[PDB]
Amino acid sequence: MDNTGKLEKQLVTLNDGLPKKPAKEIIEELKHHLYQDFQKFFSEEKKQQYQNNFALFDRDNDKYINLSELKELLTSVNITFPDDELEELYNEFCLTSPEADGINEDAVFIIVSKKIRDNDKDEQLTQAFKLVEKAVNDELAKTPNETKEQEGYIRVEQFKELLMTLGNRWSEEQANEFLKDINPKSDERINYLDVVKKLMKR
Amino acid sequence: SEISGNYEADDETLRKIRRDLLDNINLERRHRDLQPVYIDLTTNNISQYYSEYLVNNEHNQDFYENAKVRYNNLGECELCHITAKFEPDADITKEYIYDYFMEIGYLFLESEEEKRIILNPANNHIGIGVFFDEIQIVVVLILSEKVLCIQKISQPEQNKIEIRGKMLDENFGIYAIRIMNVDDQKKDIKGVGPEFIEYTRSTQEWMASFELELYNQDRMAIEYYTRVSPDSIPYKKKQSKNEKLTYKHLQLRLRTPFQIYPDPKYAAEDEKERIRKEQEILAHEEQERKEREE
Amino acid sequence: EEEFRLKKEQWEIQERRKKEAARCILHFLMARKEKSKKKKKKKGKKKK
């Protein structure tokens with residue numbers, strides 16, 4: 001009795017059974033998970049087109065194309081990477097397949113996966129700005145005594161719970177940083193347009 | 001097709017069965033003088049997924065571990081799952097299966113391993129997933145020991161989240177509320193520290209109000225961090241212009257894939273069954289009082 | 001008839017997809033390669 005103590009540390013230990021399967025099978029299943037998103041991200045036309053821009057640079061028919069051949073495939077498909085990003089992507093697959101003289105057909109497909117997957121993330125994030133501005137303007141028109149300057153300006157209470165709807169959940173904890181990062185200037189209002197710029201720039 | 005009929009299950013009934021197993025566990029815990037179990041988002045989602053996988057496939061330790069990795073699970077976890085077949089010549093009905101789930105909870109209370117995992121005093125987060133097919137059913141429970149558990153996540157103001165959580169650890173007070181991209185692990189998407197957190201140490205509860213719009217809200221999780229000696233945390237304290245939060249001194253405690261707790265549907269359905277419970281109880285007590293008067 | 005027309009449209013789509021597959025197939029062997037030279041003469045007389 002007497003409530004003698006105490007603050008005790010119930011240390012949350014990350015011992016939740018790291019994948020007991022061998023690293024090889026871990027790799028195959030991770031690859032399958034990556035390819036599954038590929039399947040929907042790219043129409044069958046895109047899939048059966050990337051070979052029509054992979055092989056001729058894969059002149060040797062070994063199913064492996066160097067970084068230059070990968071970039072040529074990208075240019076032919078009208079999808080372009082920055083030099084550094086494309087080189088990194090090609091070299092990562094070359095390392096993961098040391099017995100491969102570059103990036104294989106699957107490697108090129110995955111590189112396009114990353115490209116148009118970043119593009120789709122940006123497009124969803126952008127379409128988010130459209131609904132955000134729609135709601136901001138509608139609520140501002142619901143308050144006719146508030147100047148149009150607020151178009152773009154939005155409250156802290158007008159900027160949080162939109163993190164429960166679309167894409168891949170930014171929870172409430174994933175609703176925190178941007179505030180500190182962009183410094184609401186003692187007003188707790190930060191332009192959703194400024195958030196458009198920053199989130200499109202990341 | 002002509003002979004075998006469909007057996008689809010309602011989401012409302014799924015939530016009913018899951019929370020009823022949870023409440024039976026809580027009732028047994030209080031009967032034995034044990035702490036009631038809160039709904040951990042990670043455990044709940046992972047257990048639902050695992051039971052859904054179980055009804056059509058057998059237990060897979062590697063598959064469960066990979067699912068936990070994808071969800072970004074945190075902390076030690078204990079799993080209790082059971083699959084049972086229907087009678088060869090017995091009719092299957094909604095109330096039949098619901099009383100069968102009651103009996104599944106009773107058999108959990110009658111089973112050593114699963115009851116022990118459910119009632120472990122150290123473990124303080126529990127998630128339930130109930131699933132089944134035309135031939136069998138499965139119940140899955142995922143429990144863990146953690147400091148902070150989510151008691152309320154609301155959507156009152158369209159643009160002001162509020163994940164209300166209670167810290168089950170005294171040394172640890174919620175300090176860091178931040179996460180990184182599940183798809184982009186290195187991508188520290190969004191998070192804050194005490195200056196934007198309302199922590200009441202006595203309950204060790206925490207709320208907060210801050211900003212982030214309809215950006216990426218389908219899959220990823222919720223990374224609740226805590227600090228030692230909740231007193232030292234400058235909760236909702238104005239950080240100097242040259243002062244920014246440091247998560248390197250902040251301990252990750254709970255990674256629960258984001259979901260409204262209770263999600264408006266969960267909350268409304270739960271209030272529905274509760275209110276009907278009090279309605280039935282009042283009718284029964286009226287009848288009992290009349291009988292006692294006679 | 002409506003189901004048949006829908007199936008025909010799906011078949012046309014699959015034919016276009018197989019043309020894309022042929023595009024994949026006709027993109028590899030532009031150059032290679034090495035002199036299938038010596039002996040494929042085994043040509044048994046009994047025909048089909």
# chains A, B, ... in the order shown; residues from 1 in each chain; ligands from 1
$ select_by_dssp --residues "stretch 151-281 of chain B" --states "strand (DSSP E)" --output "PDB file with N, CA, C and O atoms, in the first residue's frame"
ATOM      1  N   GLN B 151      -6.846   5.468 -27.384  1.00  0.00           N
ATOM      2  CA  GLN B 151      -8.210   5.341 -26.892  1.00  0.00           C
ATOM      3  C   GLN B 151      -9.219   6.100 -27.739  1.00  0.00           C
ATOM      4  O   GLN B 151     -10.390   5.709 -27.783  1.00  0.00           O
ATOM      5  N   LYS B 152      -8.801   7.171 -28.411  1.00  0.00           N
ATOM      6  CA  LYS B 152      -9.702   7.914 -29.277  1.00  0.00           C
ATOM      7  C   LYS B 152      -8.926   8.625 -30.376  1.00  0.00           C
ATOM      8  O   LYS B 152      -7.958   9.341 -30.106  1.00  0.00           O
ATOM      9  N   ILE B 153      -9.366   8.412 -31.612  1.00  0.00           N
ATOM     10  CA  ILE B 153      -8.969   9.206 -32.768  1.00  0.00           C
ATOM     11  C   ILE B 153     -10.251   9.680 -33.435  1.00  0.00           C
ATOM     12  O   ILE B 153     -11.038   8.860 -33.924  1.00  0.00           O
ATOM     13  N   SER B 154     -10.464  10.989 -33.456  1.00  0.00           N
ATOM     14  CA  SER B 154     -11.730  11.560 -33.879  1.00  0.00           C
ATOM     15  C   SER B 154     -11.572  12.339 -35.178  1.00  0.00           C
ATOM     16  O   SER B 154     -10.467  12.716 -35.576  1.00  0.00           O
ATOM     17  N   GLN B 155     -12.709  12.569 -35.840  1.00  0.00           N
ATOM     18  CA  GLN B 155     -12.766  13.428 -37.024  1.00  0.00           C
ATOM     19  C   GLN B 155     -13.835  14.506 -36.851  1.00  0.00           C
ATOM     20  O   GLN B 155     -14.688  14.699 -37.718  1.00  0.00           O
ATOM     21  N   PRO B 156     -13.813  15.240 -35.728  1.00  0.00           N
ATOM     22  CA  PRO B 156     -14.851  16.257 -35.496  1.00  0.00           C
ATOM     23  C   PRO B 156     -14.734  17.425 -36.460  1.00  0.00           C
ATOM     24  O   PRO B 156     -15.706  17.795 -37.126  1.00  0.00           O
ATOM     25  N   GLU B 157     -13.543  18.013 -36.543  1.00  0.00           N
ATOM     26  CA  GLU B 157     -13.257  19.099 -37.469  1.00  0.00           C
ATOM     27  C   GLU B 157     -12.498  18.522 -38.653  1.00  0.00           C
ATOM     28  O   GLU B 157     -11.425  17.938 -38.477  1.00  0.00           O
ATOM     29  N   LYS B 160      -8.660  18.840 -38.333  1.00  0.00           N
ATOM     30  CA  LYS B 160      -7.969  18.864 -37.038  1.00  0.00           C
ATOM     31  C   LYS B 160      -8.011  17.456 -36.448  1.00  0.00           C
ATOM     32  O   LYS B 160      -8.973  17.082 -35.773  1.00  0.00           O
ATOM     33  N   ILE B 161      -6.957  16.676 -36.708  1.00  0.00           N
ATOM     34  CA  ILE B 161      -6.898  15.329 -36.158  1.00  0.00           C
ATOM     35  C   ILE B 161      -6.734  15.402 -34.643  1.00  0.00           C
ATOM     36  O   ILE B 161      -6.241  16.389 -34.083  1.00  0.00           O
ATOM     37  N   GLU B 162      -7.169  14.340 -33.971  1.00  0.00           N
ATOM     38  CA  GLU B 162      -6.943  14.220 -32.534  1.00  0.00           C
ATOM     39  C   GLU B 162      -6.906  12.741 -32.183  1.00  0.00           C
ATOM     40  O   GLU B 162      -7.958  12.124 -31.988  1.00  0.00           O
ATOM     41  N   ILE B 163      -5.705  12.181 -32.105  1.00  0.00           N
ATOM     42  CA  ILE B 163      -5.489  10.829 -31.613  1.00  0.00           C
ATOM     43  C   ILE B 163      -5.276  10.944 -30.113  1.00  0.00           C
ATOM     44  O   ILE B 163      -4.206  11.366 -29.659  1.00  0.00           O
ATOM     45  N   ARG B 164      -6.294  10.589 -29.341  1.00  0.00           N
ATOM     46  CA  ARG B 164      -6.207  10.593 -27.889  1.00  0.00           C
ATOM     47  C   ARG B 164      -5.598   9.264 -27.466  1.00  0.00           C
ATOM     48  O   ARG B 164      -6.081   8.199 -27.861  1.00  0.00           O
ATOM     49  N   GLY B 165      -4.522   9.325 -26.686  1.00  0.00           N
ATOM     50  CA  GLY B 165      -3.846   8.131 -26.243  1.00  0.00           C
ATOM     51  C   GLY B 165      -3.511   8.209 -24.767  1.00  0.00           C
ATOM     52  O   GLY B 165      -3.297   9.283 -24.207  1.00  0.00           O
ATOM     53  N   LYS B 166      -3.466   7.034 -24.147  1.00  0.00           N
ATOM     54  CA  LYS B 166      -3.114   6.884 -22.743  1.00  0.00           C
ATOM     55  C   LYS B 166      -1.791   6.138 -22.649  1.00  0.00           C
ATOM     56  O   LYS B 166      -1.627   5.079 -23.264  1.00  0.00           O
ATOM     57  N   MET B 167      -0.858   6.691 -21.882  1.00  0.00           N
ATOM     58  CA  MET B 167       0.454   6.093 -21.677  1.00  0.00           C
ATOM     59  C   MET B 167       0.362   5.129 -20.505  1.00  0.00           C
ATOM     60  O   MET B 167       0.133   5.536 -19.364  1.00  0.00           O
ATOM     61  N   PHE B 172       7.678   6.756 -19.057  1.00  0.00           N
ATOM     62  CA  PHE B 172       7.582   7.201 -20.439  1.00  0.00           C
ATOM     63  C   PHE B 172       6.356   8.082 -20.608  1.00  0.00           C
ATOM     64  O   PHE B 172       5.240   7.677 -20.266  1.00  0.00           O
ATOM     65  N   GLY B 173       6.571   9.287 -21.112  1.00  0.00           N
ATOM     66  CA  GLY B 173       5.486  10.163 -21.526  1.00  0.00           C
ATOM     67  C   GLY B 173       5.609  10.437 -23.010  1.00  0.00           C
ATOM     68  O   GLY B 173       6.718  10.580 -23.529  1.00  0.00           O
ATOM     69  N   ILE B 174       4.466  10.499 -23.693  1.00  0.00           N
ATOM     70  CA  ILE B 174       4.489  10.725 -25.132  1.00  0.00           C
ATOM     71  C   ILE B 174       5.209  12.038 -25.404  1.00  0.00           C
ATOM     72  O   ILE B 174       4.764  13.111 -24.978  1.00  0.00           O
ATOM     73  N   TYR B 175       6.341  11.957 -26.098  1.00  0.00           N
ATOM     74  CA  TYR B 175       7.132  13.133 -26.440  1.00  0.00           C
ATOM     75  C   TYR B 175       7.118  13.412 -27.936  1.00  0.00           C
ATOM     76  O   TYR B 175       6.906  14.554 -28.355  1.00  0.00           O
ATOM     77  N   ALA B 176       7.343  12.387 -28.747  1.00  0.00           N
ATOM     78  CA  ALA B 176       7.463  12.529 -30.190  1.00  0.00           C
ATOM     79  C   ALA B 176       6.288  11.847 -30.872  1.00  0.00           C
ATOM     80  O   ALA B 176       6.046  10.654 -30.662  1.00  0.00           O
ATOM     81  N   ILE B 177       5.568  12.606 -31.684  1.00  0.00           N
ATOM     82  CA  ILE B 177       4.456  12.098 -32.477  1.00  0.00           C
ATOM     83  C   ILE B 177       4.852  12.329 -33.929  1.00  0.00           C
ATOM     84  O   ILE B 177       4.632  13.407 -34.486  1.00  0.00           O
ATOM     85  N   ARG B 178       5.477  11.327 -34.546  1.00  0.00           N
ATOM     86  CA  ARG B 178       6.035  11.472 -35.882  1.00  0.00           C
ATOM     87  C   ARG B 178       6.143  10.106 -36.541  1.00  0.00           C
ATOM     88  O   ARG B 178       6.140   9.070 -35.875  1.00  0.00           O
ATOM     89  N   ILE B 179       6.251  10.117 -37.868  1.00  0.00           N
ATOM     90  CA  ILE B 179       6.345   8.881 -38.636  1.00  0.00           C
ATOM     91  C   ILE B 179       7.197   9.115 -39.874  1.00  0.00           C
ATOM     92  O   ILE B 179       7.544  10.257 -40.198  1.00  0.00           O
ATOM     93  N   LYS B 190       6.510  13.265 -41.437  1.00  0.00           N
ATOM     94  CA  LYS B 190       5.766  14.246 -40.665  1.00  0.00           C
ATOM     95  C   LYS B 190       5.749  13.877 -39.181  1.00  0.00           C
ATOM     96  O   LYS B 190       5.474  12.725 -38.832  1.00  0.00           O
ATOM     97  N   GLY B 191       6.057  14.835 -38.311  1.00  0.00           N
ATOM     98  CA  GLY B 191       6.091  14.605 -36.878  1.00  0.00           C
ATOM     99  C   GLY B 191       6.429  15.867 -36.111  1.00  0.00           C
ATOM    100  O   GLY B 191       6.975  16.829 -36.659  1.00  0.00           O
ATOM    101  N   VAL B 192       6.100  15.840 -34.819  1.00  0.00           N
ATOM    102  CA  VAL B 192       6.294  16.981 -33.926  1.00  0.00           C
ATOM    103  C   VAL B 192       6.638  16.455 -32.538  1.00  0.00           C
ATOM    104  O   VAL B 192       6.586  15.251 -32.282  1.00  0.00           O
ATOM    105  N   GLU B 198      -0.411  17.946 -26.036  1.00  0.00           N
ATOM    106  CA  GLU B 198      -1.096  18.223 -24.777  1.00  0.00           C
ATOM    107  C   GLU B 198      -1.049  16.940 -23.955  1.00  0.00           C
ATOM    108  O   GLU B 198      -1.843  16.022 -24.163  1.00  0.00           O
ATOM    109  N   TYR B 199      -0.099  16.872 -23.027  1.00  0.00           N
ATOM    110  CA  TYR B 199       0.105  15.683 -22.210  1.00  0.00           C
ATOM    111  C   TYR B 199      -0.324  15.951 -20.775  1.00  0.00           C
ATOM    112  O   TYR B 199       0.150  16.901 -20.144  1.00  0.00           O
ATOM    113  N   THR B 200      -1.217  15.110 -20.272  1.00  0.00           N
ATOM    114  CA  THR B 200      -1.614  15.094 -18.868  1.00  0.00           C
ATOM    115  C   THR B 200      -0.964  13.862 -18.251  1.00  0.00           C
ATOM    116  O   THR B 200      -1.399  12.734 -18.498  1.00  0.00           O
ATOM    117  N   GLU B 205      -2.181  10.829 -20.551  1.00  0.00           N
ATOM    118  CA  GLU B 205      -2.894  10.961 -21.810  1.00  0.00           C
ATOM    119  C   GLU B 205      -2.312  12.100 -22.635  1.00  0.00           C
ATOM    120  O   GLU B 205      -1.586  12.957 -22.132  1.00  0.00           O
ATOM    121  N   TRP B 206      -2.639  12.094 -23.923  1.00  0.00           N
ATOM    122  CA  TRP B 206      -2.074  13.078 -24.834  1.00  0.00           C
ATOM    123  C   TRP B 206      -3.011  13.337 -26.004  1.00  0.00           C
ATOM    124  O   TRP B 206      -3.559  12.404 -26.599  1.00  0.00           O
ATOM    125  N   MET B 207      -3.181  14.617 -26.320  1.00  0.00           N
ATOM    126  CA  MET B 207      -3.884  15.070 -27.510  1.00  0.00           C
ATOM    127  C   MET B 207      -2.978  16.029 -28.271  1.00  0.00           C
ATOM    128  O   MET B 207      -1.834  16.267 -27.881  1.00  0.00           O
ATOM    129  N   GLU B 223       3.454   6.363 -35.795  1.00  0.00           N
ATOM    130  CA  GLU B 223       4.652   6.088 -35.006  1.00  0.00           C
ATOM    131  C   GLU B 223       4.675   6.980 -33.768  1.00  0.00           C
ATOM    132  O   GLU B 223       5.148   8.119 -33.821  1.00  0.00           O
ATOM    133  N   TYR B 224       4.165   6.456 -32.659  1.00  0.00           N
ATOM    134  CA  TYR B 224       4.105   7.156 -31.387  1.00  0.00           C
ATOM    135  C   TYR B 224       5.406   6.925 -30.637  1.00  0.00           C
ATOM    136  O   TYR B 224       5.783   5.770 -30.392  1.00  0.00           O
ATOM    137  N   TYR B 225       6.070   8.019 -30.264  1.00  0.00           N
ATOM    138  CA  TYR B 225       7.324   7.992 -29.524  1.00  0.00           C
ATOM    139  C   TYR B 225       7.069   8.480 -28.105  1.00  0.00           C
ATOM    140  O   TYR B 225       6.096   9.198 -27.855  1.00  0.00           O
ATOM    141  N   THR B 226       7.948   8.105 -27.179  1.00  0.00           N
ATOM    142  CA  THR B 226       7.820   8.522 -25.790  1.00  0.00           C
ATOM    143  C   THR B 226       9.187   8.877 -25.226  1.00  0.00           C
ATOM    144  O   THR B 226      10.227   8.473 -25.752  1.00  0.00           O
ATOM    145  N   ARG B 227       9.170   9.650 -24.143  1.00  0.00           N
ATOM    146  CA  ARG B 227      10.372  10.046 -23.428  1.00  0.00           C
ATOM    147  C   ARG B 227      10.279   9.606 -21.972  1.00  0.00           C
ATOM    148  O   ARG B 227       9.189   9.427 -21.421  1.00  0.00           O
ATOM    149  N   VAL B 228      11.442   9.428 -21.356  1.00  0.00           N
ATOM    150  CA  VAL B 228      11.512   9.045 -19.952  1.00  0.00           C
ATOM    151  C   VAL B 228      11.220  10.260 -19.082  1.00  0.00           C
ATOM    152  O   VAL B 228      11.482  11.406 -19.467  1.00  0.00           O
ATOM    153  N   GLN B 251      11.930   7.991 -28.014  1.00  0.00           N
ATOM    154  CA  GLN B 251      11.849   6.546 -28.180  1.00  0.00           C
ATOM    155  C   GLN B 251      10.545   6.171 -28.872  1.00  0.00           C
ATOM    156  O   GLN B 251       9.459   6.486 -28.375  1.00  0.00           O
ATOM    157  N   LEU B 252      10.659   5.493 -30.012  1.00  0.00           N
ATOM    158  CA  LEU B 252       9.494   4.958 -30.704  1.00  0.00           C
ATOM    159  C   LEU B 252       8.832   3.879 -29.861  1.00  0.00           C
ATOM    160  O   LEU B 252       9.505   2.988 -29.332  1.00  0.00           O
ATOM    161  N   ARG B 253       7.508   3.958 -29.738  1.00  0.00           N
ATOM    162  CA  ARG B 253       6.767   3.065 -28.862  1.00  0.00           C
ATOM    163  C   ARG B 253       5.661   2.291 -29.556  1.00  0.00           C
ATOM    164  O   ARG B 253       5.437   1.128 -29.216  1.00  0.00           O
ATOM    165  N   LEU B 254       4.967   2.895 -30.518  1.00  0.00           N
ATOM    166  CA  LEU B 254       3.803   2.231 -31.105  1.00  0.00           C
ATOM    167  C   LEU B 254       3.666   2.600 -32.572  1.00  0.00           C
ATOM    168  O   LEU B 254       3.436   3.765 -32.891  1.00  0.00           O
ATOM    169  N   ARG B 255       3.767   1.620 -33.465  1.00  0.00           N
ATOM    170  CA  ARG B 255       3.554   1.868 -34.890  1.00  0.00           C
ATOM    171  C   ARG B 255       2.279   1.138 -35.303  1.00  0.00           C
ATOM    172  O   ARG B 255       2.301  -0.047 -35.646  1.00  0.00           O
TER     173      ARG B 255
END
$ select_by_dssp --residues "stretch 91-142 of chain A" --states "helix (DSSP H, G or I)" --output "ChimeraX atom specification"
/A:91-96,105-141
$ write_last_selection --atoms "C-alpha atoms" --output "PDB file, in the first residue's frame"
ATOM      1  CA  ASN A  91      23.743   0.113 -60.695  1.00  0.00           C
ATOM      2  CA  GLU A  92      21.555  -1.163 -57.857  1.00  0.00           C
ATOM      3  CA  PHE A  93      20.087  -3.858 -60.110  1.00  0.00           C
ATOM      4  CA  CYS A  94      23.517  -4.619 -61.575  1.00  0.00           C
ATOM      5  CA  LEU A  95      24.807  -5.223 -58.041  1.00  0.00           C
ATOM      6  CA  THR A  96      21.767  -7.298 -57.054  1.00  0.00           C
ATOM      7  CA  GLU A 105      14.382  -6.969 -68.408  1.00  0.00           C
ATOM      8  CA  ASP A 106      12.858  -7.117 -64.931  1.00  0.00           C
ATOM      9  CA  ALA A 107      15.351  -4.518 -63.690  1.00  0.00           C
ATOM     10  CA  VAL A 108      14.359  -2.086 -66.451  1.00  0.00           C
ATOM     11  CA  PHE A 109      10.695  -2.752 -65.725  1.00  0.00           C
ATOM     12  CA  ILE A 110      11.319  -1.962 -62.048  1.00  0.00           C
ATOM     13  CA  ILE A 111      13.211   1.224 -62.911  1.00  0.00           C
ATOM     14  CA  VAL A 112      10.255   2.424 -64.985  1.00  0.00           C
ATOM     15  CA  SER A 113       8.149   1.269 -62.037  1.00  0.00           C
ATOM     16  CA  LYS A 114      10.019   3.642 -59.751  1.00  0.00           C
ATOM     17  CA  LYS A 115       9.780   6.487 -62.255  1.00  0.00           C
ATOM     18  CA  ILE A 116       6.059   6.340 -62.981  1.00  0.00           C
ATOM     19  CA  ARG A 117       5.386   5.379 -59.364  1.00  0.00           C
ATOM     20  CA  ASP A 118       7.006   8.615 -58.217  1.00  0.00           C
ATOM     21  CA  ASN A 119       4.995  10.301 -60.969  1.00  0.00           C
ATOM     22  CA  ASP A 120       1.774   8.731 -59.655  1.00  0.00           C
ATOM     23  CA  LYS A 121       2.615   9.734 -56.085  1.00  0.00           C
ATOM     24  CA  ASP A 122       3.167  13.297 -57.285  1.00  0.00           C
ATOM     25  CA  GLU A 123      -0.064  13.238 -59.304  1.00  0.00           C
ATOM     26  CA  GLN A 124      -2.098  12.014 -56.324  1.00  0.00           C
ATOM     27  CA  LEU A 125      -0.413  14.576 -54.077  1.00  0.00           C
ATOM     28  CA  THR A 126      -1.250  17.276 -56.639  1.00  0.00           C
ATOM     29  CA  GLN A 127      -4.879  16.198 -57.006  1.00  0.00           C
ATOM     30  CA  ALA A 128      -4.926  16.505 -53.218  1.00  0.00           C
ATOM     31  CA  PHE A 129      -4.136  20.201 -53.634  1.00  0.00           C
ATOM     32  CA  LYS A 130      -7.185  20.586 -55.862  1.00  0.00           C
ATOM     33  CA  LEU A 131      -9.589  19.285 -53.207  1.00  0.00           C
ATOM     34  CA  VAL A 132      -7.732  21.274 -50.544  1.00  0.00           C
ATOM     35  CA  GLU A 133      -8.154  24.527 -52.472  1.00  0.00           C
ATOM     36  CA  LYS A 134     -11.763  23.613 -53.259  1.00  0.00           C
ATOM     37  CA  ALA A 135     -12.554  23.183 -49.559  1.00  0.00           C
ATOM     38  CA  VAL A 136     -10.595  26.301 -48.572  1.00  0.00           C
ATOM     39  CA  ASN A 137     -12.393  28.477 -51.121  1.00  0.00           C
ATOM     40  CA  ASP A 138     -15.789  26.998 -50.231  1.00  0.00           C
ATOM     41  CA  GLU A 139     -15.322  27.643 -46.513  1.00  0.00           C
ATOM     42  CA  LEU A 140     -14.003  31.137 -47.252  1.00  0.00           C
ATOM     43  CA  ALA A 141     -17.085  31.903 -49.358  1.00  0.00           C
TER      44      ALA A 141
END
$ residues_around --residues "residue B:117" --least-positions-apart "2" --cutoff "8 Å" --atoms "only C-alpha atoms" --output "list in words"
residues 78, 79, 80, 113, 114, 115, 119, 120, 123 and 143 of chain B
$ residues_around --residues "stretch 30-44 of chain B" --least-positions-apart "6" --cutoff "6 Å" --atoms "only C-alpha atoms" --output "list in words"
residues 125, 126, 127, 128, 142, 256 and 257 of chain B
$ closest_atom_pairs --of "stretch 46-118 of chain A" --to "stretch 12-36 of chain C" --cutoff "6 Å" --atoms "only C-alpha atoms" --output "JSON lines"
{"residue": "A:48", "atom": "CA", "partner": "C:20", "partner_atom": "CA", "distance": 5.5}
{"residue": "A:51", "atom": "CA", "partner": "C:24", "partner_atom": "CA", "distance": 4.9}
{"residue": "A:52", "atom": "CA", "partner": "C:24", "partner_atom": "CA", "distance": 4.5}
{"residue": "A:55", "atom": "CA", "partner": "C:28", "partner_atom": "CA", "distance": 4.3}
{"residue": "A:56", "atom": "CA", "partner": "C:27", "partner_atom": "CA", "distance": 5.2}
{"residue": "A:59", "atom": "CA", "partner": "C:28", "partner_atom": "CA", "distance": 5.9}
{"residue": "A:61", "atom": "CA", "partner": "C:28", "partner_atom": "CA", "distance": 5.5}
$ interface_residues --of "chain A" --to "chain B" --cutoff "9 Å" --atoms "only C-alpha atoms" --output "ChimeraX atom specification"
/A:6-21,26,29,121,124-126,128-129,131-132,155-180,188-190,192,195,199
